[PDB]
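Reviewing the structure listed below.
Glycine gets a Cβ as well: all are built from the backbone with ideal geometry, and neighbour counts include every protein chain shown. All of this is worked out from the model, or read from it or from the source named; no laboratory read-out is quoted.
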Amino acid sequence: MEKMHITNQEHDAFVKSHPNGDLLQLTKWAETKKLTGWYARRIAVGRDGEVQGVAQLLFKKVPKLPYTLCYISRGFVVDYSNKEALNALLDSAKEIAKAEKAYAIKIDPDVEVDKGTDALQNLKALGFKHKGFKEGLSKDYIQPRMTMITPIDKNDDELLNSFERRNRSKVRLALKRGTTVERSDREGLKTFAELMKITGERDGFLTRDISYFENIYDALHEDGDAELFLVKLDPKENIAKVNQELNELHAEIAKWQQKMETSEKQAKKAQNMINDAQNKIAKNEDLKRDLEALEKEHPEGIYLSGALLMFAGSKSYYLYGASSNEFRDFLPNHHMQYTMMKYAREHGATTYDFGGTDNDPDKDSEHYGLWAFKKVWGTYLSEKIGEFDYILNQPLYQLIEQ
């Protein structure tokens, strides 16, 4: 068929609407990789003025050696059953990659094994070598080969119903206990980085600094493809809520007092309900005091958790999350997750991807916590076909790919 020149926006549109599109094939994602030494090139193929496949190629020089790697991260973006388009994309990639002294062309498209028979067959026939069906988070390939995904093309009740039972209960508590979820801005990243520092120290992880998050956010946020969410506990707002509850409780008492005075038969019940409401009033007043104490410490509230949410068309991604060691009983992360899923659905996404996992690892393994966390959120395990290399220089490939 034919090689085509399409604009950045045209490429991104095609990626966003293709079933095999992905965040890692967007032009603004390539912008984020400049900081770590990657440079980009694009290819497109089609017929009769209609694009049938695209790919964004990232190149990076191999330390100490006169070669590059060509990495098509989550490409090619093509129907892997379209042999003509697939071959044409390989033809174009080989031209560019040889000119860049690449030792191989590495691809890792988001195609589930379930649906990957054609892909495996057709890639094999074209000369690609497979890295194998190893653990979901094997160090033998760059991306996770398994992820955990929540279907979000659901109403609020259906979405909540999809979570595991204990977690549903925690989400309902989170919605009630008194935090708010904010869609933040670039200035919010300073709060986020602080939370991430705390999270790194609590878990065992090395944490990246604010500049690292700014690099991702600034490329994609303009297009609505990156958003930052922050969860706040605001004492003033909650004090207002308590004042309203106190007014409502006094009005309940008024109503039962009026039944007591007019209805002999209901008097014992009325006094009972009055006693209950009086107890609630006393407790609410105690809470008001505690919230006032908090307000003195944190006049404009305190942020408890935060996360970055990315998009590529109908795919949304929970990329990074962080939370502090304080006020954990408000369940801020649970409030955050459900809010972000709803936001993602409203933006046009139908899946919400929590990222990588092993498939049901044992408790002693380094990745167990990821499985324990992600499995309760109405997720299914997405097992991908994996990583494939079209090798251009055999001796170099053997040396490097260790």
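Taken over region 204-236, the residue count meeting the criterion of being under 19 Å from the mean Cα position of the chain (by Cα), within 24 Å of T339 (Cα to Cα) and of a type in the set (D, E, K, R) is 6.
Determine which single condition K16 fails, assuming it passes every other condition in (1) under 20 Å from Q143 (Cβ atoms); (2) outside any helix (DSSP H, G or I). Status for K16: all satisfied but (2).
Yes or no, residue by residue, for (1) of a type in the set (A, V, I, L, M); (2) under 20 Å from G386 (Cβ atoms):
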| residue | (1), (2) |
| --- | --- |
| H11 | no, no |
| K16 | no, no |
| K33 | no, no |
| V45 | yes, no |
| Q56 | no, yes |
| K94 | no, no |
| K101 | no, no |
| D108 | no, yes |
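Each residue in region 343-399 was checked for being among the small types (G, A, S), touching a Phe, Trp or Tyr at 6+ places or on another chain (Cβ under 9 Å) and under 30 Å from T68 (Cβ atoms), and 2 of them qualify. Condition test on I216, is it touching a helix residue (DSSP H, G or I) at 6+ places or on another chain (Cβ under 7 Å), over 23 Å from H298 (Cβ atoms) and not acidic (D, E)? Taking the combined requirement at face value, the residue satisfies it.
Taking residues in region 260-285 that are in the same structural domain as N247 (by TED's automatic domain parsing) and within 27 Å of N243 (Cα to Cα), and partners anywhere that are surrounded by 14 or more Cβ atoms within 10 Å (Cβ to Cβ) and among the aromatic types (F, W, Y), the pairs with Cβ atoms closer than 8 Å and at least 6 places apart or on different chains are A270/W256; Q271/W256; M273/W256; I274/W256; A277/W256. Among the residues of region 295-315, is any touching a residue at least 12 places away in the same chain (Cβ under 8 Å) and assigned to a helix (DSSP H, G or I)? Yes: region 295-315 contains one or more residues that are touching a residue at least 12 places away in the same chain (Cβ under 8 Å) and assigned to a helix (DSSP H, G or I). Among the criteria (1) charged (D, E, K, R); (2) assigned by TED's automatic domain parsing to the domain that holds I210; (3) in contact with a helix residue (DSSP H, G or I) (Cβ under 6 Å, 6 or more places away or on another chain), the one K288 does not fulfil is (2).
Annotation: of all residues in region 364-382 being under 17 Å from the mean Cα position of the chain (by Cα) and outside any helix (DSSP H, G or I), the one that is surrounded by the fewest Cβ atoms within 10 Å (Cβ to Cβ) is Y380. Here the condition is being out of contact with any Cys (no Cβ under 8 Å at 6 or more places or on another chain), surrounded by fewer than 16 Cβ atoms within 10 Å (Cβ to Cβ) and assigned to a helix (DSSP H, G or I); of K265, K288, it holds for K265 alone. In region 323-335, of all residues being in contact with a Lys or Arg (Cβ under 8 Å, 6 or more places away or on another chain) and not in a helix (DSSP H, G or I), the one that is surrounded by the fewest Cβ atoms within 10 Å (Cβ to Cβ) corresponds to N325.
Among the candidates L173, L189, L195, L220, the residue that is on the phi < 0 side of the Ramachandran plot, touching a residue at least 24 places away in the same chain (Cβ under 8 Å), part of a helix (DSSP H, G or I) and surrounded by fewer than 18 Cβ atoms within 10 Å (Cβ to Cβ) is uniquely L173.
All of (1) within 25 Å of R183 (Cα to Cα); (2) assigned by TED's automatic domain parsing to the domain that holds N333; (3) without any contact (Cβ under 8 Å) to a residue 24 or more places away in the chain; (4) surrounded by fewer than 14 Cβ atoms within 10 Å (Cβ to Cβ) hold for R208 with one exception: (4).
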